Each structure stands twice: as structure tokens, then as C-alpha cells.
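What follows is a single structure, written as C-alpha cells, with notes after it.
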Amino acid sequence: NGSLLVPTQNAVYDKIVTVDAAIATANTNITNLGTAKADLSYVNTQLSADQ
Amino acid sequence: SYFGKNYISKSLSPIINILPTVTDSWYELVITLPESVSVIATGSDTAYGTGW
């Protein structure tokens, strides 16, 4: 926060790696959610057929 | 002393041919300096590749 210092390459690289890991985890969560969680079209169609 | 840095051995047992760079057997006291003095950061712009 207050740091007059100079950042090392290793610290920055490790933070970048974990940030990318978190981003990939979020992307995979979105992937396995959309294909198995969220749906509107066919649900609406089956609801209309039942009605 | 090793390449301009000071390493204090911290192994409880004698160590031979163990380089000062090893964090397990050495401490590597980071040289405290006057932080007020604006030491210039020489930055080599050498286009790295995010795997180094």
C-alpha cells in the first residue's frame, strides 16, 4: 500500500499466475454452469405445452 | 559474502559446498539502506515472455 520499494519478477509472476488460475476457475464455473444450470427456451416451450 | 550479498548460515549442523543461495541453510540478510536516499532502480528493458 505504502511501499517505496521495487517489485521482484518472481512476486509479480506468482501473483499473475494465481490471478490467471482464478480467472480460469471462474471461466470453468461459467462453462459447467451454463451447460447444466441455466435454460429458458425449452423450459418455456414445455410450460406452454403443459398449459 | 557472495556476489555482493551477505548470507548468514542458519543450519544447526556444518554445511560444506552448499551455496549461500539456498534458503534452507542460509538467511540472506537483505541489505538495509537509507530509504530516504532515492536509490535509482536500474531497469533493464529486456522483453520477457511470462514464463521466466
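Following the order of the C-alpha cells, first chain is A, next is B, and so on, with residues numbered from 1 inside each chain and ligands from 1 in the order they appear.
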
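With the cut-off set to 12 Å and only C-alpha atoms counted, chain B residues close to chain A are residues 32, 33, 34, 35, 36, 37, 38, 39, 40, 41, 42, 43, 48, 49, 50, 51 and 52 of chain B.
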
* To do: Identify, on the basis of only C-alpha atoms, every residue whose closest approach to residue B:8 does not exceed 8 Å; exclude the query and any residue fewer than 2 positions from it along the same chain; express the result as JSON, numbers by chain.
  => {"B": [6, 10, 26, 27, 28, 29]}

* as number ranges by chain, list the residues of chain A assigned to alpha helix (DSSP H) by DSSP on the backbone atoms of this structure. => A: 9-34, 41-50

Saved selection, atoms kept: C-alpha atoms, as a compact mmCIF listing (two decimals), in the first residue's frame:
```
# COMPACT_ATOMS: atom_id res chain seq x y z
CA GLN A 9 9.90 -10.50 -11.06
CA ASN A 10 9.05 -13.62 -9.04
CA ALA A 11 6.41 -11.98 -6.83
CA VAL A 12 4.70 -10.37 -9.83
CA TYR A 13 4.84 -13.60 -11.82
CA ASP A 14 3.37 -15.65 -8.96
CA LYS A 15 0.56 -13.15 -8.46
CA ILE A 16 -0.12 -13.18 -12.20
CA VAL A 17 -0.20 -16.98 -12.17
CA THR A 18 -2.69 -17.17 -9.31
CA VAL A 19 -4.83 -14.41 -10.86
CA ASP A 20 -4.95 -16.38 -14.12
CA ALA A 21 -5.80 -19.53 -12.17
CA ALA A 22 -8.71 -17.72 -10.52
CA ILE A 23 -9.87 -16.39 -13.90
CA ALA A 24 -9.73 -19.88 -15.40
CA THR A 25 -11.65 -21.25 -12.42
CA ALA A 26 -14.36 -18.63 -12.93
CA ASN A 27 -14.48 -19.41 -16.65
CA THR A 28 -14.83 -23.14 -15.99
CA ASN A 29 -17.54 -22.42 -13.43
CA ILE A 30 -19.41 -20.44 -16.09
CA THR A 31 -18.89 -23.30 -18.56
CA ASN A 32 -20.18 -26.07 -16.29
CA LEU A 33 -23.00 -23.80 -15.12
CA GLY A 34 -24.41 -22.73 -18.48
CA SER A 41 -36.20 -21.57 -24.18
CA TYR A 42 -37.14 -25.24 -23.88
CA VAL A 43 -38.44 -24.71 -20.34
CA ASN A 44 -40.82 -22.09 -21.71
CA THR A 45 -41.85 -24.39 -24.56
CA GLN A 46 -42.61 -27.32 -22.24
CA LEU A 47 -44.51 -24.97 -19.93
CA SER A 48 -46.63 -23.75 -22.85
CA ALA A 49 -47.30 -27.33 -23.97
CA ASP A 50 -48.37 -28.26 -20.45
```
